[PDB]
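The chain below stands alone and is given in structure tokens; this is the form solved without beta-hydroxyasparagine.
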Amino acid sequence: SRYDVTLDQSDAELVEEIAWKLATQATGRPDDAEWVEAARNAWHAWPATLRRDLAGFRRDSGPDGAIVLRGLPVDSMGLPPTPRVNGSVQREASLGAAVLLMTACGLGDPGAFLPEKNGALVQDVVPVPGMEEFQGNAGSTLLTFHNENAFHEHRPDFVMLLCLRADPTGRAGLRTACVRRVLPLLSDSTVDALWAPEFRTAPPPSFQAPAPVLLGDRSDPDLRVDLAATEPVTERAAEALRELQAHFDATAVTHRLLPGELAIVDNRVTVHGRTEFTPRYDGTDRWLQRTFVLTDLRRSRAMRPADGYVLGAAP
């Protein structure tokens, strides 16, 4: 499958060399524009095979709206214990930051939101004691299906998750479900409901009108939904969300990520969630790093002071 790519040894070694050079030699640190520039330049040193694979995915993300790359460099011997604080981010140069920011610059540009993880471009996904029930990075209860930052006009176009350390307990898996798999299975009444402006997705409290869930083309729509946050404004809308959830559940691909695996989710067409797990809280738990990609950074300029990578309020 061209949506499941394992790097061959030659390509894996080259990307490792490139990532280490960026991580150790580039001036500044990942959130600095000069480091993102070094990452952009380093991306273009990647093997053509992988650049072609990513370009193909950007053009058409396929029936599941997701790709996984396996065999990317991660510093397993050098990895510290899994962080255990909420809001954990990667401010220092590292191999994980190098891989994520290079790939972001290949697909578009990286971006982040000031009210979420303090606008860091590379964010940790790690379980935190006391946050078990949270619908977010720090939680370990079932994470309900959603588009990332569904409320936001400039929500991520892609969400990238690089696995540093697998969940040792075997119960955690990333779940992705694409509107392309479910649209043909939905009832006419549900489809009609999802095109109507009868859903309210209010911003989270940290970020300080009724609209449709389905967007764009009738046969190949985008979608905008968060099954935790999106509120139906009518009864048919409520029924539509229940049917949509059911079909997401039935058609979702579930992935237990392993070190060196990079999952890239097309957030225009694919929702994601996560199964429940019981953290150990002993430094050995699941550790992903996450970076958002904007396919056209220019569109959010009004929200990006100094033409930076951190989106805040407009106008």
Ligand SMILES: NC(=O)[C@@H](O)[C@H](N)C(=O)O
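Residues that one form lacks are left out of the comparison. Here the rigid core means the biggest group of C-alpha atoms that line up within 1.5 Å when the two forms are laid on top of each other. In this text, residue numbers run from 1 along the sequence as written.
Trainee: How many missing residues of the deposited sequence lie between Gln208 and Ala209 in the entry, grouped as none, 1 to 3, 4 to 9, or 10 or more?
Mentor: Missing in between: 4 to 9 residues.
Trainee: Report the stretch with the higher mean CA temperature factor, choosing between 292-300 and 20-28 on the basis of the entry.
Mentor: Comparing averages over the C-alpha atoms only gives 20-28.
Trainee: Take the C-alpha B-factors listed in the entry for 158-166 and for 73-81, compute each mean, and give the stretch with the larger one.
Mentor: Comparing 158-166 with 73-81, the higher mean C-alpha B-factor belongs to 73-81.
Trainee: Taking the values straight from the PDB record, which of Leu121, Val99, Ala228, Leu223 has the highest C-alpha temperature factor?
Mentor: Of the candidates given, the C-alpha B-factor peaks at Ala228.
Trainee: Could you check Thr103, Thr176, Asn147, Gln135 and tell me which one carries the biggest Cα B-factor in the deposited entry?
Mentor: The listed residue with the largest C-alpha B-factor is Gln135.
Trainee: So where's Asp282 on the chain's Cα temperature factor ranking, which third?
Mentor: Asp282: CA B-factor falls in the highest third of its chain.
Trainee: How does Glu198 rank on Cα B-factor within its chain, lowest, middle or highest third?
Mentor: Highest third - that is where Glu198 ends up once the chain's C-alpha B-factors are sorted.
Trainee: Considering every modelled residue of the chain and its Cα B-factor in the PDB entry, is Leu114 in the lowest, middle or highest third?
Mentor: Within its chain, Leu114 is a lowest-third residue by C-alpha B-factor, going by the deposited values.
Trainee: Among the modelled residues of its chain, does the C-alpha B-factor of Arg40 lie in the lowest, middle or highest third?
Mentor: CA B-factor rank for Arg40: lowest third.
Trainee: Taking the chain's C-alpha temperature factors as the reference, tell me which third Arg52 falls into: lowest, middle or highest.
Mentor: Middle third - that is where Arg52 ends up once the chain's C-alpha B-factors are sorted.
Keep in mind that the form deposited with beta-hydroxyasparagine bound is not shown, yet the notes after this line are about it.
Trainee: Using a 4.5 Å cut on heavy atoms, which of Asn137, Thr82, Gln90, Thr201 is close to beta-hydroxyasparagine in the deposited complex?
Mentor: It is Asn137 that has a heavy atom within 4.5 Å of the partner.
Trainee: Note which of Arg268, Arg58, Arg290, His255 lies within 4.5 Å of beta-hydroxyasparagine in the deposited complex, where distance is taken over heavy atoms; exactly one does.
Mentor: Of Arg268, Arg58, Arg290, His255, the residue with a heavy atom within 4.5 Å of beta-hydroxyasparagine in the deposited complex is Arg290.
Trainee: Going by a heavy atom distance of 4.5 Å, is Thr230 a contact of beta-hydroxyasparagine in the deposited complex?
Mentor: Contact with beta-hydroxyasparagine, no.
Trainee: Quick one: is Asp226 in contact with beta-hydroxyasparagine in the deposited complex, heavy atoms, 4.5 Å cut-off?
Mentor: Yes - in the deposited complex, heavy atoms of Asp226 and beta-hydroxyasparagine come within 4.5 Å of each other.
Trainee: Is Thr103 a contact residue for beta-hydroxyasparagine in the deposited complex, using a 4.5 Å heavy atom cut-off?
Mentor: No, no contact at 4.5 Å.
Trainee: Do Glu243 and beta-hydroxyasparagine share at least one heavy atom pair within 4.5 Å in the deposited complex?
Mentor: Heavy-atom contact with beta-hydroxyasparagine at 4.5 Å: absent for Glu243.
Trainee: Where, among 142-150, 209-217, 104-112, 172-180, do residues come within 4.5 Å of beta-hydroxyasparagine in the deposited complex by heavy atom distance?
Mentor: This holds for exactly one stretch, 142-150.
Trainee: Even though the chain is shown alone, can you say which residues of 265-281 have a heavy atom within 4.5 Å of beta-hydroxyasparagine in the deposited complex?
Mentor: Only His272 sits within 4.5 Å of the partner.
Trainee: Following superposition of the rigid core, which of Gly173, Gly136, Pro197, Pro203 is the only residue with a C-alpha displacement of 2 Å or more between the shown form and the other one?
Mentor: C-alpha shift of at least 2 Å: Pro203.
Trainee: Superposing on the rigid core, where do three or more consecutive Cα atoms all move 2 Å or more between the shown form and the other one?
Mentor: When the rigid core is held fixed, residues 202-208 make up the only run that shifts.
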